[PDB]
Every structure is written in structure tokens, then in C-alpha cells.
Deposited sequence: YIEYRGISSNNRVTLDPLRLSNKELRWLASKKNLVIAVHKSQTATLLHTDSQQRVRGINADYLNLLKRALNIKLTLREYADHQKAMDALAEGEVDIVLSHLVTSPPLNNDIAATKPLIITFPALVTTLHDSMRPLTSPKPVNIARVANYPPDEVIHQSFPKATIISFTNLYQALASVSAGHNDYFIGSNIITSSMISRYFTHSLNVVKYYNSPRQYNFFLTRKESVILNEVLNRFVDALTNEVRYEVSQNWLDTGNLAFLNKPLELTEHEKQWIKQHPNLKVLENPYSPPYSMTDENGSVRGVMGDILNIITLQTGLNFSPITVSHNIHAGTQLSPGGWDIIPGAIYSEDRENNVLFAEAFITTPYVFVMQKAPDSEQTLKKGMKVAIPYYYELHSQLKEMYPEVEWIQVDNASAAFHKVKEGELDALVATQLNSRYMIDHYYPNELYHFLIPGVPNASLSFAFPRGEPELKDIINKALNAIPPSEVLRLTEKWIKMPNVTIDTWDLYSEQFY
């Protein structure tokens, strides 16, 4: 009905599958497999090159399936989905690779493997409206493709929403890019895909949702018992590490493949998540790009986005609270404060810097009789007091508000972390301040903190943190250093 080839780099490789000898003999005389595919509406899942070969994320997985089983593939695209299923029932094809669906088919003449592709819904807005709250009780125009996701899930975040269903993904994203619709919500695997290709200058993702996910499946006849158990053996070998590398070939931002598969949790940790589904997040002082809050008091910044990722990884949900709390979104490890809280393993390391006025006569040094501010929760005060007994050291309640005091010349310097200084300078005092490293001081190690009788939440977050690729933490830090603001807070910038 159609014939093709596969076009893919074999950069991703799989361990050998453990197949029975009855399965190994079945594959050898089967020799070849006919799979019914189809071009996706967007190019991400499956497209064709000039040599009439197939390409995309689905092609990369098919390439792995071809090698993991040591069997030949024949790719056909039928006119519709129904003629493909007719060929499956007739025996013209062995497998049908389904389009993106919300659930597998239940008719028992069909057998479905475990899901191949697993993707999540994403909230998309303009780059200059990203810092606005991700929920609203006010009227709002929300775009979507077809009926994904349904009305009621959109209404949990925007109860007064007017939903506009588009035929096409590009058209729906462009309507937000122009300004007709305030948000778009849709499948992330294809939304992140196209934003980087067409709307990179104008749109970005601000939130992932845990449900309702979309999948595609391999589909066989119910009679093809051995084929389905072999296909399932191949899909189980597709770990978060394997899925991440496959999707790296086609996604820049929005690669959530590292959390397609669950984490290795004890049955006690799984019961604990089950009995504590919604935890409270203590509010941090303003410390961009790590911990920031929007007008609704919800955690944004890198720590806020990591919390979004942890939700998809673990199922835990987090709600705002202000200064019965359960998690601190971003904290500096210290020996003293460990007697007050419990620390997760560090996932960001950063150096301490001195922030000073950028003038012609600037020297990268402290001087006798300078006024240098340092936040009280950095217990560097004792060590700098001995390195610089010459300096008048001023403990401060509000770290971010001390930048302005340096800009006005009241303070000679201020102690901060590298990227916290870069944000404050670029966003609020460009070309007015600079920084340099503090010599002879250990690095800061950022992570989450908890109440101290919470071993389960600590051990669970540690597993989730260890599962996040470091390049995703780097992309998130790039994202939030460049993120435009919509408000200024007088207290975070001018207190005292």
C-alpha cells in the first residue's frame, strides 16, 4: 500500500534483550515484519526524506526495534487508520503503530503493548507573559488542538476560560504568538517540538501537567501471542536514559523523556506518596533565578520548575504557603541549619561572589574600612571576619534589597552567589554593578530542605533529583536568567 526505508543515526544503542530460544527461533523464520505507520500531522513523530525513507522519533525507535530483534522491517502507510486495522485483521501487516491516543484500544481482537511514546500536556504562553500566574479565576482565552485536553481539566486551572479548538497545532500556537489567545495547552512532545522550529522567539512552555497523558502503542492481533510478548520485551528495555537520548535528536527544550518511566521506589515510599498527595511549600526570600514567586504566591524560577518536574516523576503535588510546611524550595547546605532541617542531595553547585559598583576605578579586592553586606543565613560571616577583620561586616535580613544599596554607593560590596548576582545585575542594574569570586571560600550547594522527621520525602526527592539530566538543570537556569518580568516588588528591592 506504501513502501519505504528507515533514515536514522544509530547513536542510541540498547543492551541485548533476554529472549527465549522459542522466541529466538520465531524471529529467525519470521525473517521480516510488516508494520503499518503513518505520517504525523507535525514532523516530530514521523516524516519522510528525499530518498522516500522514514524519519523522526518513531523512526528512531523502529530502528532500535530492528536491531534489538535482529529482524527486517517493512514500512507501509495506509490511507486511514481504519484500513490499517483492516490489514492487521486480514494479516497483511503484523503490527500497526498507533497515532497519539489517550488510552489503548479495548476490543479484544487487538492486543496493545505497553506504551512506546509517553507525552504530557503543557501550558504555553508568550515569553513576556510567562511570569503571570498559571491559574486564574478571571476570563481568559485558551487554545487547544481538537479536544485534547478536555474541558474539565482546563477548567481546573481556568474556570472562566473560553476554549477555542483548532484543527492544526501551528495555527493554535500562532494565535497565542499573535495575541488572540492568552494560553495554549496541548501535547508536549509536539508542542515543544514546533516552538523551537517556528515560535522560538515568541513562545515558551510554563507548566507541565501530570494528566491526561498521551501515548502510542504497537498493535497486534490477539492470535500473535509470541510477537506481542517479544514487542513488549523490547519496550521494557526502553528506560528513561534510552528515551532521553532518542528524543535529544529531535527536541531542544521540553525533553521530558527522562521521566517516562517510574522511579525505583520502595513499597513503603509508594504508600507514603499515596497517603500524602499534596504537600505545602514554604515561601523563600526573593533569590532569582532559583526561588521566585508570582502574584498568586506560587513558586516559580528554577526551583519552581524542578517542583513541577518532581510532580510528574513522583505524583506528589505541591501547593503554596507563606512563612505545618513540608518543603523549602531551594536552600544552601550548612552544618548549623542541618540541626534545624533535613537536606536533600545537592543538585546545583555555585560560588560565592562579591558584588560592587562598576566604575572606572574598580579594583577586584576588598579594602580596609569597607562596608560589605552578607545575609545572616549565609554562615560565611565567621570565616570572612577572619580573612577580613579590616572590613565592617553587616548582616542583612533581605539579600536582594542590598543590591540597590550597593548601586547607590551606601555599601561597598555585597556577598551573593554567582547566578543570583548575574540575574540582579542584568534585570535591575545593568552595566551598574559587576562581581568577582570570593577567594578561599567553599562552594554553595543548593537543594531542597524538609522538616526533620521526614525521611521518606527526603529519600523520594533524592531519587527524583538524581533522575534529572544535568543539561536540563542548565537549560532551566538559562530559561530563568532570560525570563522577562511583569512586576517589581518594592520590598525585595528597597527594604530598609
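Chemist: What gaps appear when the modelled C-alpha atoms are mapped onto the deposited sequence?
Modeler: According to the record, the gaps fall at 1, 325-337, 511-513.
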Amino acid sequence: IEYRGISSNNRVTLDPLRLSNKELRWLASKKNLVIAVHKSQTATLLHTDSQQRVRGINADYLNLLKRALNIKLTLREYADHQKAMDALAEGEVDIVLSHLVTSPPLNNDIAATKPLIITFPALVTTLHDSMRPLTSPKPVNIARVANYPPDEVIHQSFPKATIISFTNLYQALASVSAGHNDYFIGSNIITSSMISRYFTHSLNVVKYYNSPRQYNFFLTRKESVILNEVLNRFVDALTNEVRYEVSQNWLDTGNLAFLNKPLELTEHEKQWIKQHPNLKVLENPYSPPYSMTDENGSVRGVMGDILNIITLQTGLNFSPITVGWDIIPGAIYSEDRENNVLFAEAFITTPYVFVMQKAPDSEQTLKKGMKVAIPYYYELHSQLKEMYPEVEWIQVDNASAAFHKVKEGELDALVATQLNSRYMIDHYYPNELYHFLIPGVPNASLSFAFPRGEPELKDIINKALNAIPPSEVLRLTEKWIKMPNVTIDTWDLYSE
From here on, numbers count along this sequence of modelled residues.
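Chemist: Between 98-106 and 384-392, which has the higher average C-alpha B-factor in the PDB entry?
Modeler: Per the PDB record, 384-392.
Chemist: Going by the mean C-alpha B-factor recorded in the entry, which is higher: 420-428 or 190-198?
Modeler: That would be 190-198.
Chemist: Compare the CA B factors listed in the entry for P289, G304, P277, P121 and report the winner.
Modeler: Of the options given, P277 has the highest CA B-factor in the PDB entry.
Chemist: Considering only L312, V235, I328, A359, which residue's Cα atom bears the greatest B-factor as recorded?
Modeler: Comparing C-alpha B-factors across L312, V235, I328, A359, the top value belongs to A359.
Chemist: Sorting by Cα B-factor within the chain, modelled residues only, which third would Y377 end up in: lowest, middle or highest?
Modeler: Its C-alpha B-factor belongs to the highest third of this chain's values.
Chemist: Once the chain's modelled residues are ordered by C-alpha B factor and cut into thirds, is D60 in the lowest, middle or highest one?
Modeler: According to the entry, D60 has a C-alpha B-factor in the chain's lowest third.
Chemist: Lowest, middle or highest third: which one holds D15 when the chain's residues are ordered by CA B-factor from the entry?
Modeler: Answer is middle: the recorded C-alpha B-factor places it there.
Chemist: Grab the CA temperature factor for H180 from the record and place it in the lowest, middle or highest third of its chain.
Modeler: Highest third, going by the recorded CA B-factors of the chain.
Chemist: For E478, return the chain-relative third of its C-alpha B-factor as stated in the PDB record: lowest, middle or highest.
Modeler: According to the entry, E478 has a C-alpha B-factor in the chain's middle third.
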